[PDB]
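Trainee: Handing you this structure, nothing more for now.
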Amino acid sequence: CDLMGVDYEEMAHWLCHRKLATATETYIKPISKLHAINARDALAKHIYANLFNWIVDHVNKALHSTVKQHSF
Amino acid sequence: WXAXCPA
Amino acid sequence: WXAXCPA
Amino acid sequence: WXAXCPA
Amino acid sequence: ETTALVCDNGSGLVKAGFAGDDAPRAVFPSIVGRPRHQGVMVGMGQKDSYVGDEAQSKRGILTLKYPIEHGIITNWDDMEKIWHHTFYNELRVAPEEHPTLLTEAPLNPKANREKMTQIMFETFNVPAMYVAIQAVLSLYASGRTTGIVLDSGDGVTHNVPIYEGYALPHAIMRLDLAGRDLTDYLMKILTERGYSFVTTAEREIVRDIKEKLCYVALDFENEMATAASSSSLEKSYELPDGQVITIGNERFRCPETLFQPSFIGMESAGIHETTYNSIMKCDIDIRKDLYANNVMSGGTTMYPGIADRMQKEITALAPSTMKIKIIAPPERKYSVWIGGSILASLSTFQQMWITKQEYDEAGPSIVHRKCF
Ligand SMILES: Nc1ncnc2c1ncn2[C@@H]1O[C@H](COP(=O)(O)OP(=O)(O)O)[C@@H](O)[C@H]1O
Ligand SMILES: [Mg+2]
């Protein structure tokens, strides 16, 4: 939380609970230690894949050129 | 009465 | 229902 | 009964 | 591509949506209103009947009918109006494009399934459909393959024991107590305090009173002793006309009739004794695994303290040396829908559908052999 600039209490709550919303009404409910671990590892994988796509897009910004590409 | 009807 | 209860 | 069935 | 519709007809609320989303995006009461007063103003766009939230909004001028009573559909043209309204107005999806999955209570007449299938194929022209047991879906919803499901909506209550995915059809118990007749009991006891709720709209007011202020006593006699001896337990509620009404022991006393059906005058035992007498019909090797999972489902199980009362008196009935565990997730009101949403999205399930080819070949009789 210090590294990432988030409220400790919100990560500590949301890591252990998941939220479902009917169109009128929302329920917070707990999840088992297995679903909590699976969701932490899915968060780590989703962060990594988005960082990878970001580094690739900043490389592409350096490689592109303004002339319209006729063919490749 | 006290709700539905008048008495 | 058709016998016991009303539905 | 006393174990298996209900009586 | 194409995603099944999942619809649970219930009594009271309709709830419907698409397979593999997590909560229904249409929820509304299964209620039809027809206007009963002489219409005066010319040119008003006045309408022959109203469905769902329309009939709740205008209910002052309407007779309100429920087309489903105790899980049996009594009136078919209004049920067709409710499905027409669900597909076209609520979901805005043409039913020809989507398999439909439909939910039913166990032990109800076969004609109900034959008519539901004849209507879905002939009028809606739904390409494929299936009819599922309400209780079975609560296990899909709660992540289990074992347990005795206790389910109560409006209308029917039923217990269904399941062990590693095999149902035990001789042990299925069904009870007509739940949910609507609690409201017709609350209307009768409230009269004792000098309030009179007769009309079908006043029944909806009493239903809202019941949903807000009722709770289940841990010990019914201690709390009646307390509420006779104090004001501490007493709550007040504001009617739609701005009157205010005050409710005493009635609020715990109404849902106690779930555990003592003799109040309304039934001859059968409470939900705890039908649960225990359902476990007693299972073979002794599995009872340990049913006591370790009891799954509550449907809105009538939402009363505060109903889990701890169930666990307390089932722990009184059961042999002393066993874990009794009651599972009651806060979402349980939607559990049958969430379970049907899971079921309809499995790949193994895509061979289970009744297709229109089969209905054309075998007629509506097919539903009994293909479905459960
Ligand atoms: N929070 C609540 N507390 C007590 N009773 C409720 C609550 N919510 C709904 N109910 C009652 O439960 C019934 C609705 O349950 P539901 O599961 O929607 O029925 P169905 O399974 O037939 O669709 C109604 O009688 C309603 O009054
Ligand atoms: Mg239900």
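For chain E, we keep the numbers from Swiss-Prot: what you see runs 6-377, in order.
Placement of Cβ uses the backbone N, Cα and C atoms for every residue, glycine included.
Swiss-Prot feature annotations, pasted as is:
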{"type": "MOD_RES", "residues": "E:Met46", "note": "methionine (R)-sulfoxide"}
{"type": "MOD_RES", "residues": "E:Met49", "note": "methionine (R)-sulfoxide"}
{"type": "MOD_RES", "residues": "E:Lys63", "note": "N6-malonyllysine"}
{"type": "MOD_RES", "residues": "E:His75", "note": "tele-methylhistidine"}
{"type": "MOD_RES", "residues": "E:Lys86", "note": "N6-methyllysine"}
{"type": "REGION", "residues": "E:112-125", "note": "region 'Interaction with alpha-actinin'"}
{"type": "MOD_RES", "residues": "E:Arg179", "note": "ADP-ribosylarginine"}
{"type": "REGION", "residues": "E:360-372", "note": "region 'Interaction with alpha-actinin'"}
Trainee: Checking distant contacts: for the region 'Interaction with alpha-actinin' (E:112-125), what same-chain residues at least six beyond its ends satisfy Cβ-Cβ under 8 A?
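Mentor: Long-range Cβ neighbours of the region 'Interaction with alpha-actinin' (E:112-125): 75-78, 81, 84-85, 88, 100, 105, 131, 134, 136, 161, 163, 177, 179, 359, 364, 369-373, 376.
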Trainee: Report, as numbers and ranges, which residues of the same chain sit near the region 'Interaction with alpha-actinin' (E:360-372): CB under 8 Å and 6 or more residues beyond its ends.
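Mentor: Same-chain contacts beyond the flanks: 118-120, 122-123, 126, 130-133, 136.
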Trainee: Counting by DSSP secondary structure, give me helix, strand and coil numbers for the region 'Interaction with alpha-actinin' (E:112-125).
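Mentor: Split by secondary structure, the region 'Interaction with alpha-actinin' (E:112-125) comes out as 11 helix, 0 strand, 3 coil.
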Trainee: Neighbour count first, Cβ atoms within 10 Å, every protein chain included; then name which of E:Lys63, E:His75 tops the list of modified residues.
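Mentor: Counting every other Cβ within 10 Å of each candidate, the maximum falls on E:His75.
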Trainee: Determine, using Cα-Cα distances only, which of these modified residues is closest to E:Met46 (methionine (R)-sulfoxide): E:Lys63, E:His75, E:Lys86, E:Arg179.
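Mentor: Nearest candidate: E:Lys63.
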Trainee: For the residue listed as 'ADP-ribosylarginine', which residues of its chain lie six or more apart in sequence with Cβ-Cβ distance below 8 Å?
Mentor: E:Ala110, E:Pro111, E:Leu112, E:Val161, E:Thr162, E:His163, E:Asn164
Trainee: For the modified residues E:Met49, E:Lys63, E:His75, E:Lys86, E:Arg179, which ones lie near chain C, with a CB less than 8 A from one of its CB atoms?
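Mentor: Among the modified residues E:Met49, E:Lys63, E:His75, E:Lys86, E:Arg179, the ones whose Cβ sits under 8 Å from a Cβ of chain C are E:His75.
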Trainee: By CA distance, which of the modified residues (E:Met49, E:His75, E:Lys86) lies nearest to the residue listed as 'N6-malonyllysine'?
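Mentor: Among E:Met49, E:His75, E:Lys86, E:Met49.
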Trainee: With DSSP assignments reduced to helix, strand and coil, which class does the residue listed as 'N6-methyllysine' get?
Mentor: helix
Trainee: Just to be sure I understand the packing, how many Cβ atoms besides its own are within 10 Å of the Cβ of E:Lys86 (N6-methyllysine)?
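Mentor: Neighbour count, Cβ to Cβ under the 10 Å cut-off: 17.
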